[PDB]
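Engineer: coords please:
(3 chains)
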Amino acid sequence: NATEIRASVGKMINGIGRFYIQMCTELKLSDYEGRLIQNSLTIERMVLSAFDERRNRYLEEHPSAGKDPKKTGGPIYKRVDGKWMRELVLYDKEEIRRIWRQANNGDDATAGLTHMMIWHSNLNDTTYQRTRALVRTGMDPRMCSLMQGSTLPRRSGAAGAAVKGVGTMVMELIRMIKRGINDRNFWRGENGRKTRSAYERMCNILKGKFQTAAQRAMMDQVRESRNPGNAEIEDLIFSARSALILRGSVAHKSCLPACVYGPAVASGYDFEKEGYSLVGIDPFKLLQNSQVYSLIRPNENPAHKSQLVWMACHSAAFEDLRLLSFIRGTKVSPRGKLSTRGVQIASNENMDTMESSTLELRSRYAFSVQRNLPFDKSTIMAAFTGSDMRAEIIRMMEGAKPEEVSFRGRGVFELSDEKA
RNA sequence: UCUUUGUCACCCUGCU
RNA sequence: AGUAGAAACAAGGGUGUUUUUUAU
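Structural biologist: Residues are numbered from 1 along each chain as shown, chains lettered A, B, ... in the order given. The structure is reproduced below:
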């Protein structure tokens, strides 16, 4: 029964909304500005960083004059004279937490917060790039397809594997191995056992992510590498190279920022009385009645930033180009075409001329086509840069492959088709 | 019983 | 595992530096 899970989603949303209207009562943020997105985004960032046992270690060490480690904050954004200002403020950890508990009947409800971190992470990946990290690893950048959701902490929602990507697993494993061959003490001790268990756990997560026989066999052979070595890296490399085709739909939860919260409850939709279906028509049934705004820099066409943030929230970073095209009815791409800059604002950047905009947040729109498309010969030439498996690997790899673009998963339907 | 970490590079030693 | 045999090896010791800002 979904409905008890829905009772869960309801209790967490109402706890969080209690805290939200409390915070506002401490914020008196205007209703108009109640939709300028960057404000509530950094507002989110606040409570995100607010939770860190490691930061607790930070304060314990007191290595630097970190801003009252027991208290945290960042730049906030109010206006004057129709123009806007920057304000560095900071709340106190225990105080926010105490709100949080009497916002959560004394509990925490980490669920919605982790959801918000999913939000921030998908935003980053959709809006930014980290090829320089691959430079730190040394493999093809265009491998990027499987970096969906890269920026998530090692202690964040572990079931987030729903979004944690293959390439993430690859690169983190390579890290562990690299650092592993950097020390013998790395394995001696209970630290060794616990890290080994977690390592194998990551391997098992990868198994779950794999769905084909030869892949299972190669990944298993990998798992047997009980000692950190070097060849395993290249095995994983070519396995990923073959899997570039061999992709299955991942969990893509159309997580939208919470800034809606005020207007969300003003619209009357508690996650309780109706639960929710985050995948399906429910997301598109809530991305039209809402309303959200954003601070604007001139001489950057506000329409570019519009499309960028819209699809960023849409989390379609690796969706079919032409699918997204018929999805919004006006051409889209990776950012290279998305001629704009970041949605937020940097410190030294001079806000002294910025502007405001009631931004557009809509689109055009069963499974008419399979969107199937083979690859290009460069894809197979990728292999020539290099067990029994490679025979089978090569075999299917040369005839014909079923899907060109990375992924095309969404419960989308027609807007006027709210039932289907 | 499903709980690595806020990130990596350089020296030296050869019986004292 | 193996060398070896009344106790050992299967290497041993030091040096670095993180809160933001983003696309080739």
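
Engineer: So for the residue most central in space within chain A, what's the nearest residue that isn't a sequence neighbour?
Structural biologist: In chain A, the C-alpha nearest the mean C-alpha coordinate belongs to residue A:122, at 2.5 Å (Cα atoms, centre = their mean). Using Cβ to Cβ, 6 or more residues apart in numbering and skipping the chain neighbours, the partner closest in space to residue A:122 is residue A:315 (4.6 Å). Quick note: C-beta positions are derived from backbone N, CA and C, even for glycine.

Engineer: Run a quick neighbour tally on that neighbour.
Structural biologist: Residues near residue A:315, counting by other Cβ atoms under 10 Å, number 25.

Engineer: would you say residue A:86 is within a strand?
Structural biologist: Yes: counting by DSSP: H, G, I helix; E, B strand; the rest coil, residue A:86 falls inside a strand.

Engineer: So it is in contact with residue A:75, correct?
Structural biologist: Yes: using Cβ atoms under 8 Å, residue A:86 is in contact with residue A:75, at 5.3 Å.

Engineer: between the two, which one's more packed in?
Structural biologist: Regarding residue A:86 and residue A:75, a neighbour count based on other Cβ under 10 Å identifies residue A:75 as having more, with 15 against 12.

Engineer: residues touching the more buried one, list them.
Structural biologist: Applying Cβ atoms under 8 Å, 6 or more residues apart in numbering to residue A:75 gives the contacts A:42, A:86, A:87, A:88, A:347.

Engineer: just residue A:337 next, same as before
Structural biologist: So residue A:337 contacts residue A:331 (Cβ under 8 Å, 6+ apart).

Engineer: Please apply the same query to residue A:283.
Structural biologist: A:254, A:256, A:411.

Engineer: Which of those are buried, as a PyMOL select command?
Structural biologist: One line in PyMOL is enough to select the buried ones among the contacts of residue A:283; burial here means 16 or more other Cβ atoms under 10 Å:
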select buried, chain A and resi 254+256
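
Engineer: Let me have the contacts of residue A:283 in CSV, extended by secondary structure.
Structural biologist: Shown next, in CSV, are the contacts of residue A:283 (three-state DSSP):
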residue, secondary structure
A:254, coil
A:256, coil
A:411, coil
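
Engineer: Tell me the bridge partners for residue A:84.
Structural biologist: Beta bridges link residue A:84 to residue A:79, judged by DSSP bridges.

Engineer: Burial check on whichever residue of chain A sits closest to RNA strand B, number of neighbours?
Structural biologist: As assessed by Cβ to the nearest atom of the strand, RNA strand B sits closest to residue A:54 within chain A, at 3.3 Å. Other residues near residue A:54 number 10, with proximity taken as other Cβ under 10 Å.

Engineer: returning to that earlier point: surely the residue nearest to the centre of chain A forms part of a strand?
Structural biologist: No: the assignment for residue A:122 (three-state DSSP) gives helix, which keeps it out of a strand.

Engineer: quick one on the thing from earlier: which one of the contacts of residue A:283 is nearest residue A:231?
Structural biologist: Nearest to residue A:231, judged by Cβ to Cβ, of these is residue A:254 at 40.7 Å.

Engineer: hang on, the closest one packs against residue A:311?
Structural biologist: No: taking contacts as Cβ under 8 Å, residue A:254 lies outside contact range of residue A:311: 11.3 Å.

Engineer: Give me the phi and psi for residue A:195.
Structural biologist: Dihedral angles of residue A:195 (phi, psi; degrees, to the nearest 10) stand at phi -60, psi -40.

Engineer: Relative to residue A:159, how far out is it?
Structural biologist: 21 Å (Cβ to Cβ, to the nearest Å).

Engineer: Which of the two has more residues huddled nearby?
Structural biologist: residue A:195 (15 against 10).

Engineer: ok, the more buried one to residue A:177 distance?
Structural biologist: Distance from residue A:195 to residue A:177, by Cβ to Cβ: 12 Å.

Engineer: Show me what counts as buried in the top helix by length along chain A.
Structural biologist: Ranked by residue count and defined by DSSP state H, the top helix of chain A is helix A:2-25. Applying a neighbour-count criterion of 16+ other Cβ under 10 Å, one finds A:6, A:9-20, A:23 buried in helix A:2-25.

Engineer: for the stretch 301-420 of chain A, what spans make up the strands?
Structural biologist: A:355-357 (DSSP state E, counting those that start in this stretch).

Engineer: Contact residues of it facing RNA strand C?
Structural biologist: A:334, A:335, A:336, A:338, A:339, A:340, A:341, A:342, A:346, A:347, A:348 (Cβ under 7 Å from any atom of the strand).
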